[PDB]
Amino acid sequence: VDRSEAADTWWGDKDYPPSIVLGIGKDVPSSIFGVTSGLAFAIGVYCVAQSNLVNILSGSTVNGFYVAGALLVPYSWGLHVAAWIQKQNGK
Amino acid sequence: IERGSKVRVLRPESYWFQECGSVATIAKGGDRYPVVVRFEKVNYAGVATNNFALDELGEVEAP
Amino acid sequence: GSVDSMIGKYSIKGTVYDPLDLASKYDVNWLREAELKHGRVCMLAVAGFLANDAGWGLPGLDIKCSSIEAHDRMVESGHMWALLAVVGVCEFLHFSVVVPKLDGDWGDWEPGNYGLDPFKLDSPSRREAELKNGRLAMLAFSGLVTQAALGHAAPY
Amino acid sequence: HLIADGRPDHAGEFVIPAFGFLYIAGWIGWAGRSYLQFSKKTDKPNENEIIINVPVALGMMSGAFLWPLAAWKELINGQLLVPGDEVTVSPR
Amino acid sequence: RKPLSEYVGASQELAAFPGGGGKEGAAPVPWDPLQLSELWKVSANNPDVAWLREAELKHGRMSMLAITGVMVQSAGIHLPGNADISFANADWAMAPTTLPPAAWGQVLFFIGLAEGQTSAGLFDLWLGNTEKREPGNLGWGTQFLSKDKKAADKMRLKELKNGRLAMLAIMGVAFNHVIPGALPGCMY
Amino acid sequence: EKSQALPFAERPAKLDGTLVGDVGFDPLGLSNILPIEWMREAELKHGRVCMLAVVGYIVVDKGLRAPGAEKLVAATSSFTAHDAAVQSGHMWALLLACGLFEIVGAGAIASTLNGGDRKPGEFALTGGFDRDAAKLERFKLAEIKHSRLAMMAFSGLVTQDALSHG
Amino acid sequence: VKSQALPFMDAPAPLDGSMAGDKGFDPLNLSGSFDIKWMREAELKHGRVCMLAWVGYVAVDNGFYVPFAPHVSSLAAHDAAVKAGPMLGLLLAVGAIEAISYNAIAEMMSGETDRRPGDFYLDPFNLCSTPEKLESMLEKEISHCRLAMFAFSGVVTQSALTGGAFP
Ligand code: CLA
Ligand SMILES: CC(=O)O[C@H]1CC(C)(C)C(=C=C/C(C)=C/C=C/C(C)=C/C=C/C=C(C)/C=C/C=C(\C)C(=O)C[C@@]23O[C@]2(C)C[C@@H](O)CC3(C)C)[C@](C)(O)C1
Ligand SMILES: CC1=C(C#C/C(C)=C/C=C/C(C)=C/C=C/C=C(C)/C=C/C=C(C)/C=C/[C@@]23O[C@]2(C)C[C@@H](O)CC3(C)C)C(C)(C)C[C@H](O)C1
């Protein structure tokens, strides 16, 4: 990326971001964003609880699937901010 | 703005920037800074007077 | 909405019984509605007190107890919870119809007219009898509970 | 060893002395500010700054006892914090 | 911005004396010794009276549900149970400490969803812009408000008074549960 | 004016007779809060689920079994067939089929909420009965009445079977 | 338009009869949601992998082997080949092609090249000469891609379930 090849993403004069900030997901609807964010939050919190709260983590018990699903919790935050942005942009 | 009026200085480099001063004299033609604003807050040099243009002053109270 | 244009005055003398002048201090339609509901509840309550003390049956029931101390034991058993649920549903319907109306405009609801008229037994004299019997039921049930809770029981 | 963590068992170590000092320092600053507000309107504020008008200075010092209500009143009326659009500022 | 005087919060209890002039539970003027409603004039950082009323109604509603829960739970009333869950606990402070997480995990996260889905334009309320949002008007059962202005104001005033009273009650029991001896004569 | 089902209670704002089976019955006013198309799709779905559920319950209780279901080793009272079938793992097949159809259901409800003009519950699965619009309206009102009956019918059936514990 | 295979709704915007195998089947708007060139390349890649997977699974289960093989059923053949080693060599060999595919996808989606998804210009005998041949073979390829996806899913699930013979 250079100075020239960069989208006009400033939105200080407006009430919501342009959808272009979402990049590859600039067209996925707010419904999909919200549903995926909710599923991601539920699955990730389930994974974290099953990994460290319901069970005690250890060298012989660390689970790759739970570890990977934990990363869906921040993805859930991003998806919910995205859902709000697309709802405000009208998609 | 008007002689005997209280005017807020808007010159960025002034010691009295965003502060009030009493206008004592406005000159005719000539001077690029016709207004003569008199203050009571001496600057670092010690002077309490300076010449300003009409655009560098904003009236707050009239005579 | 005034006490004067209502059924339930003194029968023979015809005057309104409001010595303390409480009709003007609150929505008169609310007064009529709550009077009718209190009278009906106390009619049912004194009838049920008399029946349960008599030992009149209760279809499908298990336990036998005197009505004075029946409340705690049926609460423990769990029938009064179901009675509470049914009463709550009915009184939530009455909530929905009446509350949006206190200190307001009773659109047409005639205080006390729940439309529960399948047999077509409505009449003005019967409304007067309803009110009088309800009030006397209130006083009589007061006497019943106060006397039963102090020993004295049976026919009292 | 004085325990300054906010537990009320050890309030007397810091919390009560802290409130006492805060009240006293507020009294001091309010007396100073109110006397300055008086002096700025005097015909010779520069000379009043050196030569204190003691009869009214005593009055301001006495009246600063109720500073928390007086400062709140000036805050609400908007006569405490001058708008910054009216304070000298150096060229950024 | 809409001033405090147009809000349904006046209480006759404060203006209850010779010359008070209050009627129908409402004083002629609102109560604000520390003029926190009018603090927005000093700066926009503060919330407007719209936000303050929203927060007041939220606190009142939560406190009323809270004190009702405290009373009923301490009275011994409890729900049915299974081998997984037991709702039998009189201490209202540790009652949630002793029920399965789905239980309190469904209380939370649904309170969390509703508080957040109903909240739209609350920052406009902070900036005192009630263009399409009445404070406290989540839309839950708004049909039961009387169409008459007088009756509607009376009902909202009753709500506000009960909320304030329950906030005082719930915090009294809280502040005598912790720091014992705050509220004298408290049952809990 | 006043509700057809509740002449003492005012008509809800949204309920106006556009949706078949409307008699203005909504004391709680949840219609005014939720979109209404979602609600009527939910009503159709609940109705269809309970309509099929009553038939499945009665045929399984009577003695009818599916091809090979005799080895599912249920108590044959349906009452346990749920536990037996999830233990045997065949209800996961039902879950997969229902999710396969519910992907399309989500797409369809999203379409009609977006503006596709699909009526709620429409899926073009008609058995050649969309020939006449009046007949289609009559059948839709039949389906909604049967739904309203079948929800409570299944409720009563399962509750009575549970009280029997047979 | 009003979609085929869902005759009670309309196909999402990308589906307009532009590409092969466009039966108007995308109820969730999941290709109007994200660029359909990536979707088509993913579909094609899945299909090719599953074609090769099914035919290799069937061949190994029937008895087709290499000059040095563990000579094991195709289910455990993964573990046997990994423990032997050459599976990792296959990983490197396909990783080279996949890095070149990273490049190709980037140019195709950016617009530096007019590349169709899943088009590496592998045409030794010019079997797609005229456009009619092009769409006919693309249609056949996509139909086989989907069918082989299903075929390998069924084969591998059934084999992991019962552990029986070829079928
Ligand atoms: C009239 C009293 C007065 C008041 C109301 C304030 C107020 C303030 N000063 Mg202080 N200041 C004062 C006098 C006063 N100053 C004097 C005389 C000096 C010169 C030594 C300073 C030097 C000074 C500095 C260098 C700084 C402040 C700062 C501040 C701020 C923080 C408070 C603090 O930490 O004070 C600190 C207090 C002192 C350093 C000593 C104060 C001196 C005495 C004890 C008080 C004067 C009382 C006066 C004699 C009263 C006469 C009234 C009577 C006739 C009725 C605040 C705006 C700080 C700031 O900008 O924060 C944002 C900061 O950096 N002040
Ligand atoms: C859902 C839907 O669609 O529609 C619904 C939604 C909608 C609109 C919200 C509806 C509503 C209204 C609802 C739900 C209202 C609920 C109201 C509720 C729950 C109100 C409690 C008050 C409690 C107080 C004031 C307690 C004081 C307590 C005090 C002052 C005490 O002294 C307590 C005490 O402990 C101390 C401090 C000392 C101890 O010694 C013991 C005692 C006991 C003395 C409708 C109409 O239902 C329709
Ligand atoms: C007022 C009011 C309401 C209310 C109310 C409340 C709280 C209502 C409560 C009602 C309740 C609790 C009603 C119980 C009845 C029990 C019966 C009929 C038992 C008969 C039992 C009989 C006749 C027994 C007979 C026998 O013993 C005999 C004689 C001799 C034996 O040989 C045979 C047997 C054993 C069988 C509404 C309506 C809900 C809403 C409205 O808004 C306001």
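Coordinate-derived values only; no laboratory data. Every residue, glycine among them, receives a Cβ derived from its backbone with ideal geometry; neighbour counts consider all protein chains shown.
Results, tabulated for the structure shown:
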| quantity | calculated |
| --- | --- |
| Output for segment C:51-60, where each listed residue is free of Cβ contacts under 8 Å to residues at least 60 places away in the same chain and surrounded by 11 or more Cβ atoms within 10 Å (Cβ to Cβ) | C:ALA51, C:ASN52, C:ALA54, C:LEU58 |
| Residue match in segment C:57-65 (condition: more than 10 Å from ligand 3 (Cβ to nearest atom), touching a helix residue (DSSP H, G or I) at 6+ places or on another chain (Cβ under 7 Å) and either outside any helix (DSSP H, G or I) or within 14 Å of another protein chain (Cβ to nearest Cβ) (or both)) | yes |
| Cross-chain or 6+ apart pairs with Cβ under 9 Å, segment A:8-25 first and away from chain G (no Cβ under 14 Å), then among the charged types (D, E, K, R) and not in a helix (DSSP H, G or I) | A:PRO18/A:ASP8; A:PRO18/A:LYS26; A:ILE20/A:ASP8; A:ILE20/A:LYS26 |
| Filter result for C:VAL87 (under 30 Å from E:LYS147 (Cβ atoms), within 16 Å of ligand 2 (Cβ to nearest atom) and surrounded by 14 or more Cβ atoms within 10 Å (Cβ to Cβ)) | no |
| 1 or more residues touching a helix residue (DSSP H, G or I) at 6+ places or on another chain (Cβ under 7 Å) and more than 16 Å from ligand 1 (Cβ to nearest atom): qualifying helices (runs of 4 or more DSSP H) within segment E:86-179 | E:101-107, E:122-126, E:149-177 |
| Hey, F:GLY17 among the small types (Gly, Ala, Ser) and either surrounded by fewer than 13 Cβ atoms within 10 Å (Cβ to Cβ) or not in a helix (DSSP H, G or I) (or both) or not | yes |
| Unique match (being over 29 Å from A:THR36 (Cβ atoms) and either touching a residue at least 24 places away in the same chain (Cβ under 8 Å) or away from chain F (no Cβ under 14 Å) (or both)) among G:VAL49, G:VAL60 | G:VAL60 |
| Count - residues of segment G:109-129 that are within 18 Å of A:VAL1 (Cα to Cα) and surrounded by 13 or more Cβ atoms within 10 Å (Cβ to Cβ) | 1 |
| Residue in segment D:60-79 that is aromatic (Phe, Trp, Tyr) and within 10 Å of ligand 1 (Cβ to nearest atom) present | no |
| Subset of segment D:46-92 [away from every other protein chain (no Cβ under 14 Å), surrounded by 15 or more Cβ atoms within 10 Å (Cβ to Cβ) and farther than 13 Å from D:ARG33 by Cβ] | D:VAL56, D:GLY59 |
| Among residues of segment A:31-75, those that are closer than 17 Å to E:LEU113 by Cα and within 11 Å of another protein chain (Cβ to nearest Cβ), counted | 9 |
| Pairs where the first residue, in segment C:30-45, is in contact (Cβ under 8 Å) with a residue 60 or more places away in the chain and under 12 Å from C:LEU131 (Cβ atoms) and the second is among the small types (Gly, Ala, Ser) and within 16 Å of ligand 1 (Cβ to nearest atom), C-beta under 6 Å, 6+ apart | none |
| Test result for E:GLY181, within 9 Å of ligand 2 (Cβ to nearest atom), among the small types (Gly, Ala, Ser), more than 22 Å from A:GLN88 (Cα to Cα) and exposed (fewer than 12 other Cβ atoms within 10 Å of the Cβ) | no |
| Every pair of residues 6+ apart whose Cβ atoms lie under 8 Å, when the first sits in segment E:161-188 and is in contact (Cβ under 8 Å) with a residue 60 or more places away in the chain while the second is within 16 Å of ligand 3 (Cβ to nearest atom) | none |
| Residue in segment F:100-121 that is surrounded by the fewest Cβ atoms within 10 Å (Cβ to Cβ), counting only those that are touching a residue at least 24 places away in the same chain (Cβ under 8 Å) and of a type outside the set (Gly, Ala, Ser) | F:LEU113 |
| Test: residue in segment D:40-48 that is in contact (Cβ under 8 Å) with a residue 24 or more places away in the chain and away from ligand 3 (no atom under 16 Å from the Cβ) | no |
| Matching entry among F:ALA53, F:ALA74, F:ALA124, F:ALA85 (being within 21 Å of F:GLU143 (Cα to Cα), away from every other protein chain (no Cβ under 11 Å) and not aromatic (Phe, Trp, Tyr)) | F:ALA53 |
| Matching residues, segment F:1-27, being in contact with a helix residue (DSSP H, G or I) (Cβ under 8 Å, 6 or more places away or on another chain), among the hydrophobic types (A, V, I, L, M, F, W, C) and within 11 Å of another protein chain (Cβ to nearest Cβ) | F:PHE8, F:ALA9, F:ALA13 |
| Output for segment C:90-122, where each listed residue is away from chain E (no Cβ under 14 Å), surrounded by 10 or more Cβ atoms within 10 Å (Cβ to Cβ) and either within 11 Å of ligand 3 (Cβ to nearest atom) or more than 20 Å from F:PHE8 (Cβ to Cβ) (or both) | C:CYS90, C:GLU91, C:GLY112, C:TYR114 |
| Per-region count, segment E:102-136, residues touching a residue at least 40 places away in the same chain (Cβ under 8 Å) and of a type in the set (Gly, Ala, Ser) | 2 |
| Filter result for C:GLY78 (within 14 Å of chain E (Cβ to nearest Cβ) and at positive phi) | yes |
| Filter result (farther than 13 Å from B:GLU56 by Cβ and either polar (S, T, N, Q) or at the interface with chain D (Cβ under 10 Å from one of its Cβ atoms) (or both)) within segment B:16-45 | B:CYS20, B:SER22, B:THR25, B:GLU40, B:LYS41, B:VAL42, B:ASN43 |
